[PDB]
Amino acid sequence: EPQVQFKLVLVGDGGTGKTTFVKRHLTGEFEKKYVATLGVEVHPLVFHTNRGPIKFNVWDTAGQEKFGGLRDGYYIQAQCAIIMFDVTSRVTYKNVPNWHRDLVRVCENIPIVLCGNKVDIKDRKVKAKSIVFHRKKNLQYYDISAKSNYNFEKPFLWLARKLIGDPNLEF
């Protein structure tokens, strides 16, 4: 039904919360256990906007190299992307440039949102100060939390405005 739909590739280090983030959108439930994704899982997410139903086909990829292997082949014909990292794990932020690099290898120019997940957790290792890759690459950045729903929709809303090219789009 929705006639406006986009391939969205969701990448980032293992355990940063990518699947939890998507499941939360899909069903509203929060999954507590970590069950690594194998390769990719494709989930359609439909947003009801003031410009109609917008569908993001979310390609939830595997962050653990051992389950990835061919991840890069999922990038093909993606129209937008989310790079996720974990605000409580400095290493995930340190890998952001590698994720970014690989995505643009395939998807030349395409809107990308950088998300720092798990801001619901007390001891932040990646402080707002640290986070500046978005400035060096013109990416949109957001703090998010799959657990508390903080800025839950911001990444999709931003991408929607960008891809429809209408700043008045509202969810």
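Start at 1 with the first residue shown and count on from there.
Q: Hey, does residue 135 drop out of the model in a third or more of the other PDB entries compared here?
A: Residue status for residue 135: gap in at least one third of the other entries.
Q: Averaging only over Cα atoms, indicate whether 125 to 133 or 60 to 68 has the higher B-factor in the PDB entry.
A: Per the PDB record, 125 to 133.
Q: Look over 29 to 37 and 107 to 115 in the entry and identify the one with the greater average Cα temperature factor.
A: Comparing averages over the C-alpha atoms only gives 29 to 37.
Q: Sort the modelled residues of this chain by their C-alpha B factor and say whether residue 81 lands in the lowest, middle or highest third.
A: According to the entry, residue 81 has a C-alpha B-factor in the chain's lowest third.
Q: Sorting the chain's CA B-factors, does residue 166 end up in the lowest, middle or highest third?
A: Lowest third - that is where residue 166 ends up once the chain's C-alpha B-factors are sorted.
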